[PDB]
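J.: Mind folding the following:
(chains A, B, C, D, E, F, G, H, I and J, ligands or ions: 23)
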Amino acid sequence: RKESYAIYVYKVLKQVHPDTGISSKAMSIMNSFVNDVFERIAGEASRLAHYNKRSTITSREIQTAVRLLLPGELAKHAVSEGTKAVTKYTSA
Amino acid sequence: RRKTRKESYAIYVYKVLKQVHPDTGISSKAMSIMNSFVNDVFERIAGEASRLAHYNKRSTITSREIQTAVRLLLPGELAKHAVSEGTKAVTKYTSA
Amino acid sequence: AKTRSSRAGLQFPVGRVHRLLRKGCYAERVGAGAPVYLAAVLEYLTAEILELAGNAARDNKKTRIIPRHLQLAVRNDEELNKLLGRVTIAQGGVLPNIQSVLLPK
Amino acid sequence: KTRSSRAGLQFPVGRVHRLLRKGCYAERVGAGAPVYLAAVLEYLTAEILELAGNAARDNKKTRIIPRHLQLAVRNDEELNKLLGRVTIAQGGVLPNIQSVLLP
Amino acid sequence: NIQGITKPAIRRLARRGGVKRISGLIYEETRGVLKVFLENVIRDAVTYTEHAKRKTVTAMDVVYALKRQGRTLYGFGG
Amino acid sequence: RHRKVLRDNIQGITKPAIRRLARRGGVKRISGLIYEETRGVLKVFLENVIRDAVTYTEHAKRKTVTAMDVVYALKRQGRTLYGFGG
Amino acid sequence: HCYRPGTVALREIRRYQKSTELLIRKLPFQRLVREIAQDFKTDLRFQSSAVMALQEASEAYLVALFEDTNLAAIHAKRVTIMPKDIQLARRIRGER
Amino acid sequence: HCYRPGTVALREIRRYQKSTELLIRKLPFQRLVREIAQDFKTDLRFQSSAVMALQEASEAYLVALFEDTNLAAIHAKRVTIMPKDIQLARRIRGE
DNA sequence: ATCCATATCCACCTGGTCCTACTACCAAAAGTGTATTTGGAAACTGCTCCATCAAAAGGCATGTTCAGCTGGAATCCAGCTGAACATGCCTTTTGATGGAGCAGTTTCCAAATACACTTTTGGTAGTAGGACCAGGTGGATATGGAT
DNA sequence: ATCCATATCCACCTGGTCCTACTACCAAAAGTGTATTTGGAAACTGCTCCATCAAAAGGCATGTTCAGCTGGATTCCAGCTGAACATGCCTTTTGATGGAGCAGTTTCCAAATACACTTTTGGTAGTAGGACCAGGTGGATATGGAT
Ligand SMILES: [Cl-]
Ligand SMILES: [Cl-]
Ligand SMILES: [Cl-]
Ligand SMILES: [Cl-]
Ligand SMILES: [Mn+2]
Ligand SMILES: [Mn+2]
Ligand SMILES: [Mn+2]
Ligand SMILES: [Mn+2]
Ligand SMILES: [Mn+2]
Ligand SMILES: [Mn+2]
Ligand SMILES: [Mn+2]
Ligand SMILES: [Mn+2]
Ligand SMILES: [Mn+2]
Ligand SMILES: [Mn+2]
Ligand SMILES: [Mn+2]
Ligand SMILES: [Mn+2]
Ligand SMILES: [Mn+2]
Ligand SMILES: [Mn+2]
Ligand SMILES: [Mn+2]
Ligand SMILES: [Mn+2]
Ligand SMILES: [Mn+2]
Ligand SMILES: [Mn+2]
Ligand SMILES: [Mn+2]
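T.: Residues are numbered from 1 along each chain as shown, chains lettered A, B, ... in the order given. Ligands and ions are numbered 1, 2, ... in the order given. There you are, the coordinates:
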């Protein structure tokens, strides 16, 4: 079986443009984009943990990695969404 | 108070230095550059081999992954000479 | 009971992101918070991209997003263009841009 | 008895193995991988040290300084490509005046 | 088969690039550049193909080759 | 523990220094505006790098920027540096 | 007649900047990649999507290169790209 | 008074292209680094080798950039580098 | 061709710097042997999709002719920039000090892992049904440029 | 300003490519609950090296003058390249189809992991002691350039 991010990309699409569809090739580009940014952030965090002689990747390493990778407004908005998600997650 | 034992490649590249130019020294900064070069090439090769393993749904870094990684990274003759040294050292090691 | 995505109020998978971080050998261990943060950042980025792309689709009177709409979205946003500066979208084309040197008169 | 001498190498096979598993490149690391990688590393250092030693001899020196490494890698097409995105501290640049600027 | 790129094709690519006039010695130059490009990427691709012990070059091989060239490509996997 | 205010230090990158750098690049003649342009260029180059550096610093919960932070910043920027660690 | 030299040109600039289709014929390109690949390993096959991906990457690379080339020509206060422009571009990009 | 305009510049090219010493003054560069870094985060100290690393990186970058800039000037049939040259080089580099 | 003025250079030294070289201590690699676990090589093969060969139809490549206008060569001069020079500042250098804060060590406990047992889910494959757009068709109208 | 020849654009239409949707099946994934393990945060502190101070010397930045040659403006024309056209060759298309070979499944052993006991080794440290590199002075010789 082959795993994809397609159904979640579609969930967010209907969440943000309810009457808008998406062609299959565009969805494949979206899945490649998600996998790409995933590998970039995860690799940046991995290196971050290595440089500080640490064995665990916390949400903190993910945050610093995001600040390293994303430009500016994207970085702060994404940091915001992430820390919001972790706080709302640990409150339950 | 038991300072961090920082490991280098210095004594090895020094051995290799006297094997090729037995009368030439190396300054400390040039040595530091050599250690940086070795750790760099190490990270690039091991990274390529890792990516190969993950690409072929494998969990083992064989000397094969190291080899084709070297072929991907090194340019032209360097690749062929390096690959030949890798095959020689492996056969000698598996020979004993 | 409820998916960890719902615990973080997320559409993107938390369990899957945790498993892929688990198998990427990025470290020996990953804390429980890291996958929900990463899933949150990913969902945000896809949300921004799909937003701009949706705008581009409506501008050309189109119901569904095709690759060109993604290319216009990325290349017209300074931030995302910077993020994807070394990425090629297939069947995306280029921005309409004639250098103001060989124009009329 | 060490694996380095068993592999006929000066570079450390054991350290390359441990460092190989300390970076998490895969779940497992076969015994030939550190031998091969240590052999390739030793070869590359041998090459650069050789050309750089020639450089130090050219400028009538007795020990290699960073400039000699710079001339070594910048004058070899292949090493220059391998280190094309690398900056050698205190290496300087190669002598190169574009012809049209000459008398 | 490098002569396959019919001069109108170059010209179209250049129009998409935003050029107005094209020299008569642009076409063979473009031929050479395209040749070294395809040589590098295809070489890496079929190296990935050889490591997988296959005889078919997959789309994924081209995607990996391009990715390590610094020319990441969306639209075909990965 | 009062410190003076740092301002306009980009002008410490003198026109002589920029001339020297141009000479090592093989530049023969330099127009009068180059200098300011150069500083502008230099400024952004430092900014970017220094950001990532202090980011690493901030992640290590340290207050001194180490040579290794600069080396990691530069390597990420795609300008790997040999001679200070790594 | 009816048009002065170089306005149908801009017409084509707009035509192909509006669109996304590939601009090299697909089979001559496929022949090209088959030839080039035949010199690394023999008796090779290609997934259709592999050749398609190579064409997308090739045309993208060439279009960007023609952008920088056009910039180089305009910098010399000309409007016709010349091989010196392509070479100056590829030199500054680091491809040389 | 003796040499004509230009030849002393070629002398300076051969000279600085023969050596490796850093060419920006040390303390002005350190002050610039501390100013720039002071705008990102307050109370930031530097290892001396960190400032030296930033200086080596900066001067290498600027020297390479001046090489590409010179190529651009020569491409425009000039021998004088101008801001338009630096801008064309940084643009084609993707900076 | 002559020759001035200044830079370049070669041959040494000598002061201090920076490298190799000794002995020795030694935690922490690194080797080793044993036992236990398993990744993936090999072998078989079922289904995908890749290659190839056929057959039209016209889209678009090729080759030519011919004219406009763009590149490049030549000429001219305002003025921008290089070279030289006088002045003195502020960088470099040496050395000392106080203490910030980095980094080593121990204690401990919150969070991570390991494992088994259960519940849910994404995703794969068919199979219905519908809208969306690619490509014409027609005729209005804007546009390029020659009168 | 007039008018002709295309090129462009908006409206409407129609076939089929392409979406979503809804059913079922289900291995894998994800969650849960229970038990053991451990990374690394806190607290303390030894001590490296960073900031800052003073002092003084001269290397080098700054500000100015002056004139050489460079960039940029102008003019011209040779010939290069774009436009348009007729022809006709290929590319496209799509269709069927062997069968290469990608990929799914299973067996099973060479090789990797785990752990424990034994050596070996690589840094770190200090102290001695030389080679050699940097820089200062001086005195051939070259060389750019004015004649
Ligand atoms: Cl192996
Ligand atoms: Cl965490
Ligand atoms: Cl040319
Ligand atoms: Cl300019
Ligand atoms: Mn034998
Ligand atoms: Mn400030
Ligand atoms: Mn002495
Ligand atoms: Mn198994
Ligand atoms: Mn002109
Ligand atoms: Mn004048
Ligand atoms: Mn303290
Ligand atoms: Mn479901
Ligand atoms: Mn249409
Ligand atoms: Mn019509
Ligand atoms: Mn009109
Ligand atoms: Mn219909
Ligand atoms: Mn512990
Ligand atoms: Mn001129
Ligand atoms: Mn004519
Ligand atoms: Mn078969
Ligand atoms: Mn030892
Ligand atoms: Mn010396
Ligand atoms: Mn000397």
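
J.: Nearest to ligand 2: which residue in chain G?
T.: residue G:53 (37.4 Å; Cβ to the ion). (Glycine included, C-beta is placed from N, CA and C.)

J.: check contacts around that residue.
T.: C:90, E:59, E:62, E:63, E:66, E:73, E:75, E:76 (Cβ atoms under 8 Å, 6 or more residues apart in numbering or on different chains).

J.: For residue G:80, give me phi and psi.
T.: The phi/psi pair for residue G:80 (degrees, to the nearest 10) reads phi -110, psi 120.

J.: Near it, how many residues? Count them for me, please.
T.: Burial of residue G:80 is recorded as 16 neighbouring residues (other Cβ atoms under 10 Å in any protein chain shown).

J.: Residue G:4 now?
T.: The tally of other residues near residue G:4 (other Cβ under 10 Å) stands at 7.

J.: Pretty sure it sits in a strand.
T.: No. Counting by DSSP: H, G, I helix; E, B strand; the rest coil, residue G:4 is not part of a strand but coil.

J.: Give me the distance between it and chain B.
T.: Remark: distance between residue G:4 and chain B (Cβ to the nearest Cβ, to the nearest Å) = 49 Å.

J.: Ok, residue C:81 next?
T.: From residue C:81 to chain B the distance is 27 Å (Cβ to the nearest Cβ).

J.: what does chain A have sitting close to ligand 2?
T.: A:58, A:59 (Cβ under 5 Å from the ion).

J.: Is the longest helix anywhere in chain A positioned near chain H?
T.: As assigned by DSSP state H, the longest helix anywhere in chain A is helix A:24-51. No. Helix A:24-51 does not reach chain H (Cβ under 8 Å from any Cβ of the partner chain); its nearest approach is 14.6 Å.

J.: Is that helix in proximity to DNA strand I?
T.: No. Helix A:24-51 lies out of reach of DNA strand I by Cβ under 7 Å from any atom of the strand, never closer than 9.8 Å.

J.: which residue is nearest the centroid of chain C?
T.: Against the mean C-alpha coordinate of chain C, by Cα atoms, centre = their mean, the closest residue is residue C:46 at 3.7 Å.

J.: Can you verify my assumption that that one contacts residue A:30?
T.: Yes. In this structure, residue C:46 is within contact of residue A:30 by Cβ atoms under 8 Å, at 6.5 Å.

J.: Overlap in contacts, the two.
T.: A:5, A:9.

J.: Tabulate the contacts of residue G:53 (a markdown table), appending distance to residue C:24 and neighbour count.
T.: Converted to a markdown table, these look like this (distance: Cβ to Cβ, whole Å; neighbours: other Cβ atoms under 10 Å in any protein chain shown):
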| residue | distance to residue C:24 | neighbour count |
| --- | --- | --- |
| C:90 | 25 | 24 |
| E:59 | 22 | 22 |
| E:62 | 23 | 32 |
| E:63 | 18 | 25 |
| E:66 | 21 | 25 |
| E:73 | 21 | 26 |
| E:75 | 23 | 24 |
| E:76 | 21 | 24 |
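
J.: so which of those would you say is closest to residue C:31?
T.: Distance ranking of the contacts of residue G:53 against residue C:31, using Cβ to Cβ, places residue E:63 first at 31.3 Å.

J.: For that closest one, grab phi and psi.
T.: According to degrees, to the nearest 10, residue E:63 has phi -70, psi -40.

J.: and the closest residue to it other than its chain neighbours, how many neighbours?
T.: Closest residue in space to residue E:63, ignoring its immediate chain neighbours: residue E:78 at 4.3 Å, by Cβ to Cβ, 6 or more residues apart in numbering or on different chains. When neighbours are defined as other Cβ under 10 Å, residue E:78 has 19 of them.

J.: Helices along chain G, start to end?
T.: G:7-18, G:26-37, G:48-75, G:83-92.

J.: Just put these in CSV and tack on distance to ligand 1.
T.: Formatted as CSV, these follow (distance: least, Cβ to the ion, whole Å):
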stretch, distance to ligand 1
helix G:7-18, 51
helix G:26-37, 29
helix G:48-75, 30
helix G:83-92, 40
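
J.: Out of those helices, which is closest to residue C:34?
T.: Among the helices of chain G, the nearest to residue C:34 by Cβ to Cβ is helix G:48-75 (32.7 Å).

J.: got the contact list for the residue nearest the centre of chain G?
T.: Closest to where the C-alpha atoms of chain G average out (Cα atoms, centre = their mean) is residue G:62, at 3.1 Å. If you count contacts by Cβ under 8 Å, 6+ apart, residue G:62 has them with E:13, E:17, E:30, E:33, E:34, E:37.

J.: Shouldn't the last one be within a helix?
T.: Meaning residue E:37. Yes. Using three-state DSSP, the assignment for residue E:37 is a helix.

J.: How many neighbouring residues does it have?
T.: By the criterion of other Cβ under 10 Å, residue E:37 has 19 neighbours.
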